[PDB]
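Examination of the molecular architecture
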Amino acid sequence: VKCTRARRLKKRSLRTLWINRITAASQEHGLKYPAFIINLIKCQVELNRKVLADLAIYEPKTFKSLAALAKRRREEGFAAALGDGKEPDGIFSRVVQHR
Amino acid sequence: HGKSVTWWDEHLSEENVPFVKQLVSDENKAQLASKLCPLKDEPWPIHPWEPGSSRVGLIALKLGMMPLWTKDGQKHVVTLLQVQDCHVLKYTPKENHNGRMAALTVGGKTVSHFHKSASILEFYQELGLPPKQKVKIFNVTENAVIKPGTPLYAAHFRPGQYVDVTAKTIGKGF
Amino acid sequence: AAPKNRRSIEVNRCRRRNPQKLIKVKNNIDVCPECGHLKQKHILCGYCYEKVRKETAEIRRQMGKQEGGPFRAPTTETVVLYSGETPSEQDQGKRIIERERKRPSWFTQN
Amino acid sequence: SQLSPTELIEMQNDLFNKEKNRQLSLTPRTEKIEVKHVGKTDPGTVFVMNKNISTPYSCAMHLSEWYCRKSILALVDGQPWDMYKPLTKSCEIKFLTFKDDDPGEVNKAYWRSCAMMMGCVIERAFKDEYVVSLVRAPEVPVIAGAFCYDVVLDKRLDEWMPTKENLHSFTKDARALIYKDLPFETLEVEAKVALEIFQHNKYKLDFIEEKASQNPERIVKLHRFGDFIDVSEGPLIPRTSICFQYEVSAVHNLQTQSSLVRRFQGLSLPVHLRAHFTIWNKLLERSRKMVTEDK
Amino acid sequence: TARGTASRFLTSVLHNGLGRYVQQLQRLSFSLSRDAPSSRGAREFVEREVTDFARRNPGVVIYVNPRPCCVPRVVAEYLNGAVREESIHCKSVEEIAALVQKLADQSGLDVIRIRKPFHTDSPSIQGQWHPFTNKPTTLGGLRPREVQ
Amino acid sequence: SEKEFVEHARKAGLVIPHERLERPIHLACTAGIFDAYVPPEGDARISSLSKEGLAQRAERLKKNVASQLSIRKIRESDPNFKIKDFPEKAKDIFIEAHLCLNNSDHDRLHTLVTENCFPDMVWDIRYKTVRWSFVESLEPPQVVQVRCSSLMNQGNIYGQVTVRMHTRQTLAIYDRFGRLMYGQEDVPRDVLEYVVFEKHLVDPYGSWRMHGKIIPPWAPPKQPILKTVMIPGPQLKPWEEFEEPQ
Amino acid sequence: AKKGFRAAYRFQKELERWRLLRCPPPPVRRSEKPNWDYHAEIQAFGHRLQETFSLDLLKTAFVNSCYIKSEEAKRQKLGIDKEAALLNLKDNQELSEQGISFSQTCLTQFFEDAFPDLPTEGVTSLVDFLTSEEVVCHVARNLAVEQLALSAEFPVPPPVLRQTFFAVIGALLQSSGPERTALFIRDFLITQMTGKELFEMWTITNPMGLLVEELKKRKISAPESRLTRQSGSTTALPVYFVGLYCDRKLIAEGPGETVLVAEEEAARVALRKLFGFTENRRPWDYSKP
Amino acid sequence: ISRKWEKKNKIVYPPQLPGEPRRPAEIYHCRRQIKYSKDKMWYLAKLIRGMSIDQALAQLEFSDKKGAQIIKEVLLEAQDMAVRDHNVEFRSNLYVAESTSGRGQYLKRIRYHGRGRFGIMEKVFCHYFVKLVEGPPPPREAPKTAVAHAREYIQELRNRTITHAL
Amino acid sequence: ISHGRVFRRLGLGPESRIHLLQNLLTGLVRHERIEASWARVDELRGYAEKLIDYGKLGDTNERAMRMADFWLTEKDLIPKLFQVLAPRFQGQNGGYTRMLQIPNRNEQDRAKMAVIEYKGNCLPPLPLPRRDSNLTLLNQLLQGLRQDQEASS
Ligand SMILES: [Mg+2]
Ligand SMILES: [Mg+2]
Ligand SMILES: [Mg+2]
Ligand SMILES: [Mg+2]
Ligand SMILES: [Mg+2]
Ligand SMILES: [Mg+2]
Ligand SMILES: [Zn+2]
């Protein structure tokens, strides 16, 4: 019974571990986890937490590039919100539809 | 290597036991007599008394109890504390001991060499005195320090004074 | 009071294999210089004491057979002599027991 | 002669092993000897031992482990006999311990063993650049406070004397040598091979010649433990670990007409007779003094 | 139970599939009976489609033994020396074919708990994280409270 | 509450059960060698030269009236028996029995040697390893004498033939732990023995079986063992004093 | 008494299992095992590797000298005549030596083509590692060369395993083309370098000396060791990062528990970068040319 | 019942080829159905484990237990058999490799209590097994030193891997 | 709390202890050497010494005669006490008895046993523990130290 319950809980435990590692790496790059995730999503980068943690551990340059992209998207979003102008559009704020 | 137990009389002969006994007795007598003049060899500097000064103590022997009478007619009972052989063994600096007072180690009556450990015997050999039974530590001020090896006498206290007496009480078991 | 639960084998082993309950080794065992048998340093040798006790038993048997009563305690000194021996000038005036055995090596003439 | 001390030790060990192999090969067959035991403890025992292979230590092993632990020397019917020397013919054996009625021979054997250990530590505790040559081990009586070893140092070492730290380091090395069990094995060799085995120490060769002069067969005894080889008179203790208390007491220089010799004096007591701390200190103070016993 | 049984990491035999793919099934030995009712499926398999399997897989030696046995068995020996013994007792021809194809497809490694669903050698391209991989350097390499 | 132990192994045979056996014991041999051969004092210096040994051995065999009547009795009890080819058969039986003891073949050993020979060669060797080989035979075995004993209580006649054999083996007896105990395997030591064979002439089958092994009292002592032996003195009670023999 | 035979048979199987677990029998040859057919095994060995061998060449390559000597001893012990056919057994000595030579040459060519900066000593070390005892024995065991190898002492000592494997290589070289044999070598020996480092198989002694010699060859004066980063120095488990600077330009950096170890690791990293055996280097090309 | 300690002494090894080190002799002996108690005899068996036979006899001679004499007799019998049957010289060159005590067959009796009650009194019997090996006793294991402890700690620190990472 | 107690409790009380002690003393006086439990012999040693002192006190002394009459249960030993034991203990002061521990009893009780013996009796001497001879290594070193001390004195 414990084997089945822990089989169910293993996915949650591993997801929590990956989230903790992503928080660690992002804070090491001067960024918070919620901001990093939401801006990576807004950049249409659909990398899950397992891949993100793998990149954080083994691909530090790639993770720093992703963090820079997330921070840039956050800055563009803040600028758009402050301006409230439709005609200024961010370079990384453009949405690409299915082709 | 199954080493067997041993003592000092195990291997000695019927004629060497008195010789060893008298040799150790003569050595102890010479060592005790060497320290009877502590103020002429190299005494430590003597400082003036201060209001917050603390003195060293003694290690005496509780002989017995005696009646005593006062000029007003009252009768008290006194305890006899005999200072048999009280010596200063080692000195410990204030910052290295407590940070408030220095520590003076004082040793009491003499015991046999043949029933002490190697470290204790070596310490007393470096010091230059026969081994003592009881060893205590006294918290004194830096101006009341005394050179180790100095003897102490019952004249350290004077008639009319109050003292603190520390000892292990009579054990009554379980 | 009755035990609430059965004590397990792990607890039992931890209790009855403790060094307090184990048998201590003795380091005061030496060989007797006379007969070569083992003995303790503070205890007389068993072999030698058995020899002396047996010889004393034989001597006592002889000196009790010499006396016809239970209350015949000698009022003088006593000397034991072996075959091929005669009382000396100092042993005269005492009581003498004679043994057919030769004088043992350990029994000093004195 | 350009020869490293390690190379000299190795070649000495090689020649000793060659001589021992020759001695063993001298007897091709295995003869049986009947050795009686004349001890007071267990009399009437008979051992059927092997000729030139079995040892009084093997006899002690047959008897009991107590015999192996206690028996220091052996009396093969006419003389002291160290435990690790193979027996030659049918005989009778009496084992001797330290606490015997007449332990003089055992005391002498322990005394030479301690002197030879001190000689070894003197030889191996000096600088390689400096010349160190052991002369002999004087036969000073046990009543003297210390056992002595005679050595000769390099000329440029004639101005300095060992200090407390050097003596304590020598004691450390001696105790390290004690810690490892190094049996004392003996060999009856001739002068013709003693000359070639030593071949370097003029004083040692003079000692060997003096020893072989009184022998009609020119037979000398060579004793060795570990990698150290030396010549000494009489038997030795079986094992090094017998020495429990060991100290290098002092060094004294004696200047003669020909050359000066350093007498290294040391003190030691076995496991079976270890003394108290104060008694040991008194004996060490005794041993610090000068002892002069040559003839 | 993972804690009760053994485990191993994901691996391939002799780097299989890297330069070329080598089938790991070395030999396949069928032991059946010519008259036992429980061996009917094995008999039909041997009659119909053992030859087709042999032609499809030329790298495996197939032995067939009709002997008086009560339970029919198949023994698959792999290049590792691993032996897998299965019972084809009272099974249809399709079940025999599926089991034989599964044995041929398997790599012969122990079927136990696999610790990770992946295995790569040197996964630390462009570096691996260490606490100094993202910390700026100061002039002279001075400590926080060190005065030069 | 009163259960007790059982199976106390005791051996106590009395004269009544030792004499109440209905059927008697049917022996296949005898207790020992009747009229035991006494070899002459000089054999070492006569084995060197063939003629001066063989001629005297044949003379001694032929001039003994007891041996002649014994061989006549054996021949009349069992035909097709000759003393000329007997040494070859005795040598073959000896070699086969020793090989059987080497290989631990108890059945064939019982067939070859008799009931007085099997124990002395198996009892103290069952827990060891033996590597016995035959290499050469310098002097062929020679029949020395023939003796016959007739017991009229059962009407049975036993005939034993003594054969002197000087030959070379290579013996190596190992321990139960696999280490050498007696001697090396490649040493071809020379041994002289007297093998005495016994046959039951009344028995219809009557196989020739080795019965005894006689060694001269003056034979050289066997090779020494590899290990050393302690022989303890008389154990003394406290009431006993050691006596030194001189 | 319980009536039944199934329980008794099952417990007999259990007893056999216990006996096998208690006293493991010495390993026996797969040929001595019942299901065996040498011709079918040879054909399957040829087929499963996708190579077209020659049957006679494979039979002559799988036979060893020890097997021939053992067969001769058995023949002389039995007392029959077998010189008519066993004399022409065609031992695999020449095939093995040809295979060894070709494998060494092919591996050397591969290494000099892939890593031009690797010195001759390094290339020879890599070739020796790839054709060494353990690698070749493992490859043969996993390729089932041991089962098909005709030799006494079924353990097949590692020299015999290497000889048989290289005899198979030589037989393939004689049957098919050198290009196909080179492809076989690449597929079954170079893959053993997967996941391995350079110095793991090279085992040099003075990395700093080798680096300074290589820099002298490449016209660089000398590398200067500088302590770049560190974390704890009075503790029992420090870490030090030591970098090597050539003309004040970083060329390598290495961590270690002590400064000397860190400097040696930095020298090894510089050597690997110079020789092209970086961990992020181009993976080996496994494609048909 | 089970009797295998007797049969463990009847195995025969093949002869050792030259160059192979000499195999030490192993001697198994045991005493069956001893009235003395199982745990009480285990105490003495543990006491005399791993030491030389002479030292074990020395301890058992002065031990006050009832089983000390039984164990001493068993050890003396084992020594005599090792000297006589097995090819073992130097009767003092044996050490006690194994020394165990097990339980045998018990006897059930009635222990009277009072108020008509009773208990099951059990008459205990034990077996003592000893195994002696020729050669000097193996050295006793020393306590782990600080250097060894630090080495193992550092090795376990270096054995770490980044779990659930790749 | 038994501080300052010199007599151990034996028997069924003080009277039983006295009776046991007097039985042991009578046996010791009769046989000149007895063996018993270590504690009982240790208790009896002092009474034996005091009895020898009372015997030395004199035959005509009424107090000593009555004490001997009480303590020696067998009345044939009082003449022995006053005419054998006391004459041979005249120059001595307190060394009348010798007490030595012997190995424990053979039966299951394993009691600690001692043997007590009047000195100078007509019995085989006990295996007394002898000290080492001066010829031993340590004793010879001590002898040499003593010789140098005497020379410097
Ligand atoms: Mg789910
Ligand atoms: Mg109290
Ligand atoms: Mg009732
Ligand atoms: Mg119960
Ligand atoms: Mg119950
Ligand atoms: Mg009581
Ligand atoms: Zn004794």
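Rules and cut-offs
- Residues numbered from 1 in each chain as written, not as in the entry; some residues may be left out.
- Chains lettered and ligands numbered in written order.
- Part of a larger assembly, values for the part shown.
- Heavy atoms only, no water.
- Helix = DSSP H or I, 4+ residues; strand = E, 2+ residues; numbered from the N terminus.
- Rg over C-alpha atoms; globule rule 2.2 N^0.38 Å.
- Buried < 20%, exposed > 50% of the residue type's maximum accessible area, 1.4 Å probe, protein only.
- Pairing = 2+ DSSP bridges.
- Axes fitted to C-alpha atoms, helices over the stretch in contact; angles between N-to-C directions.
- Contact = heavy atoms within 4.5 Å.
- Donors = N, O, S within 2.8 Å, 3.2 Å for Na, K, Ca; no water.
- Buried area = accessible area lost by both parts, 1.4 Å probe.
- Salt bridge = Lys/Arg side-chain N within 4 Å of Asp/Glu carboxyl O.
- Nonpolar A, V, L, I, M, F, W, Y, C, P; charged D, E, K, R; others polar.
- Core = buried A, V, L, I, M, F, W, Y, C linked by side-chain atoms within 4.5 Å.
- Patch = residues over 30% accessible without salt bridge, like charges linked within 9 Å, V, L, I, M, F, W, Y side chains within 5 Å.
- Areas by Shrake-Rupley, 256 points an atom, 1.4 Å probe, with all protein chains shown as cover.
- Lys, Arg positive; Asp, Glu negative; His and termini not counted.
- Charge placed at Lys NZ, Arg CZ, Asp CG, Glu CD.

Listed as the method for this PDB entry is cryo-EM; the listed resolution is 3.2 Å.

So, the overall build of chain F
The secondary structure content of chain F amounts to six helices and five strands. Seen in sequence order, chain F has helices and strands lined up from the N terminus as α-α-α-α-α-α-β-β-β-β-β. Its C-alpha atoms give chain F a radius of gyration of 23 Å, more than 25% over the compact-globule value 18 Å for 246 residues. A principal-axis box enclosing the C-alpha atoms of chain F has dimensions of 80 × 50 × 45 Å. Counting every position in chain F, which comprises 246 residues, the buried fraction comes to 37%.

Let's talk about the sheet that holds strand β1 (residues 26–34) of chain H
Residue and element names in this part refer to chain H. With antiparallel pairing, three strands are arranged side by side in an open sheet as β1-β5-β2. Two strands lie at the open edges of the sheet, namely β1 and β2 (94–103), each paired on one side alone. Across the sheet, the mean angle from the axis of one strand to that of its neighbour is 15°, orientation sign disregarded. The sheet contact formed by β1 and strand β5 (residues 126–134) spans seven bridges and is antiparallel. Within β5, the residue paired with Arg31 across the bridge is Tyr128.

A word on the pairing of strand β2 (residues 97–102) of chain I
All names here are of chain I. With five of its six residues buried, β2 lies for the most part within the structure. Bridging between β2 and strand β3 (residues 113–118) involves six bridges; their strand directions are antiparallel. Paired with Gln101 across the bridge in β3 is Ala114.

Things to note about the arrangement of the chains
Taken together, the 17 pairs of chains in contact show their highest number of contacts between chains E and G. What separates chain A from chain C at the closest point of their C-alpha atoms is a distance of 25 Å, and the two make no contact. A gap remains between chain B and chain H, with no contact made and the closest C-alpha atoms lying 9 Å from each other.

Structural notes on the coordination of the magnesium ion (ligand 2)
Distances from the magnesium ion (ligand 2) to its protein donors, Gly171 of chain B (O) and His3 of chain I (NE2), fall within 2.1 to 2.7 Å. Here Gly171 of chain B, found in the segment after β6 (151–152), pairs with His3 of chain I, found in the segment before α1 (14–31), and the two come from separate chains. Exposure remark for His3 of chain I: the relative accessible area of 47% places this residue in the partly exposed category.

Concerning the interface of chain G and chain E
Between chain G and chain E, the residue contacts involve 36 residues of the former and 29 residues of the latter. Between chain G and chain E, roughly 2,900 Å² of surface is buried when both sides are summed, and carbon and sulfur atoms account for 52% of that area. When the buried area of chain G at its contact with chain E is split by residue, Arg48, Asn142 and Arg229 of chain G rank highest and sum to 24% of it. At the surface where chain G touches chain E, the tally comes to four salt bridges.

Re the interface of chain I and chain B
Listed by partner, the interface residues are twelve residues for chain I and 15 residues for chain B. Here chain I and chain B share an interface that buries about 1,200 Å² over both sides, 56% of which is from carbon and sulfur atoms. Taken together, chain I and chain B are joined by zero salt bridges. A per-class count over the side of chain I that touches chain B returns four nonpolar, five polar and three charged.

Focus on the nonpolar core
Core analysis: the largest hydrophobic core is formed by 70 residues, its most contacted members being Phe62, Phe111, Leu118, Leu143 and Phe165 of chain G. What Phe62 of chain G contacts, discounting residues up to four positions off in sequence, is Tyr38, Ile42, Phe45, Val145, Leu148, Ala149, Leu150, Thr164 and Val168 of chain G. Residues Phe147, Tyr246 and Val248 of chain D together with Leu145 of chain I belong to the second largest nonpolar core, which totals 64 residues.

Notes on a positive patch on the surface
Taken together, the side chains of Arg7, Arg8, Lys10, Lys11 and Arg12 of chain A together with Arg113 and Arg115 of chain E define a basic patch exposed on the protein surface. Here the positive patch takes five residues from helix α1 (residues 2–28) of chain A, the largest share from any one element. Looking at the element boundaries, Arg7 of chain A is found in helix α1.

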